[PDB]
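J.: Just the starting chains for now, same placement as in the complex:
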Amino acid sequence: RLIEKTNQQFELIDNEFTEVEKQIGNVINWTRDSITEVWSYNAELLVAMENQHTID
Amino acid sequence: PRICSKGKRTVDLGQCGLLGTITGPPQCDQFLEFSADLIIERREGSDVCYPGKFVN
Amino acid sequence: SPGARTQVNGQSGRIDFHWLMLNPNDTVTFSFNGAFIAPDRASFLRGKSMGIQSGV
């Protein structure tokens, strides 16, 4: 169940070599930090759940 | 540490940019009518030969 | 806008490229009095793909 990754295809939205406008760049950075905070919390919660469920 | 691409067409734009494929500098002569399923941009790629930029 | 700028690539004059995405049947008109860089050929998209940026 867990090992399978996604099939959604993600594009580049930021040019690392040349900077994007600074307003939409800050919006993109804030959205990416919020998304990775959500995914980090989900990862920690999922690891704790499956470890506890394996022991039980 | 190297881009894996097996069975997908690959264009490596050394010294060329994506926006240069439309306008055609001397550095982008090979990729005027390019076709790929995976396009790679480099840091050394320059879009223009005469000084200038692309709006949007 | 004629005016003195900094020297990049030995040229003080500069150029701006603007783009539009014409519709499967739309007529574009270029009424110019000068300072125009006309396109030789149009550009048409081929399919789908992905674009990455790397230095490897």
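T.: Good, I have the coordinates. Numbering: from 1, shown residues only, chains lettered A, B, ... in the order given.
J.: can you tell me which residues contact the residue in chain B that chain C sits nearest to?
T.: Proximity of chain B to chain C (CB to the nearest CB) peaks at residue B:52, 3.5 Å away. Placement of C-beta: from N, CA and C, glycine included. Counting by CB atoms under 8 Å, 6 or more residues apart in numbering or on different chains, residue B:52 touches C:14-17.
J.: With residue A:19 instead?
T.: Per CB under 8 Å, 6+ apart, neighbours of residue A:19: residue A:25.
J.: Quick check: it is in a strand.
T.: No - Residue A:19: not assigned to a strand; according to DSSP: H, G, I helix; E, B strand; the rest coil it is coil.
J.: roughly how far apart are it and residue A:25?
T.: To residue A:25, residue A:19 is 7 Å away according to CB to CB, to the nearest Å.
J.: what do you get for residue C:16?
T.: Computed as CB to CB, the residue C:16 to residue A:25 distance reads 22 Å.
J.: which of these two has more neighbours?
T.: When residue C:16 and residue A:25 are compared for neighbours, residue A:25 comes out ahead with 14 against 11, by other CB atoms under 10 Å in any protein chain shown.
J.: tack on chain D:
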Amino acid sequence: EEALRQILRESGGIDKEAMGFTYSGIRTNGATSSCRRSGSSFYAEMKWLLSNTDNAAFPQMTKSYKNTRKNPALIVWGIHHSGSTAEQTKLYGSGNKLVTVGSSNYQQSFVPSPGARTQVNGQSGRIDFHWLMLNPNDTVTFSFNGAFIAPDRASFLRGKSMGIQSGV
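T.: Following on from the chains above, chain D is added here:
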């Protein structure tokens, strides 16, 4: 304004380096009643460029600044829109005015627009401020014919920080 506000929120402070910019013939002091340090004054960090006398020709000048430090530079200039075309002929003289700003990755054209507006702070004329973030070694060029508010000093970022808005 919002991108510059975000930059100044994580600026950590601003460091000022003297942009030399010597002017000949024309006045460079500027005077308005709305903006008062004491009596009549203008911005401390910007210089108003007028003609030597009223209804006189404004010479075309090109001024260039070079960046020498290892950090990006913040360059802020201004474009003055007169409250009337008669006021623009009084301040800068007759003829069309054009300001061209040049850089390696920045280029933009400004034309002042004389016209009547509403009265805010007792002045009908209005002023735009435009900004660029110069690169650790990029040369900015200010070729102007008039209606230009030149920066006295550049701005350099200091560190990191945060910016909050509150009323307590």
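J.: Stretch B:4-14 and chain A, any residue contact?
T.: No - in terms of CB under 8 Å from any CB of the partner chain, no part of stretch B:4-14 sits within range of chain A; the closest distance is 11.9 Å.
J.: What of stretch B:23-37?
T.: No - legend: contact between stretch B:23-37 and chain A by CB under 8 Å from any CB is lacking; minimum distance shown is 11.9 Å.
J.: Just the terminal-to-terminal distance for that stretch.
T.: Length of stretch B:23-37, first residue to last, CA to CA, to the nearest Å: 21 Å.
J.: Mind listing residues that contact that stretch?
T.: B:8-11, B:13, B:15-17, B:20-21, B:45-49, C:17, C:46-47, C:49-50.
J.: Please spell out which residues along it are buried.
T.: By neighbour count on 16 or more other CB atoms under 10 Å in any protein chain shown, the buried set for stretch B:23-37 is B:23, B:25, B:27-28, B:31, B:36.
J.: Could you do stretch C:4-11 as well?
T.: Buried residues in stretch C:4-11, counted by 16+ other CB under 10 Å: C:4-6, C:8.
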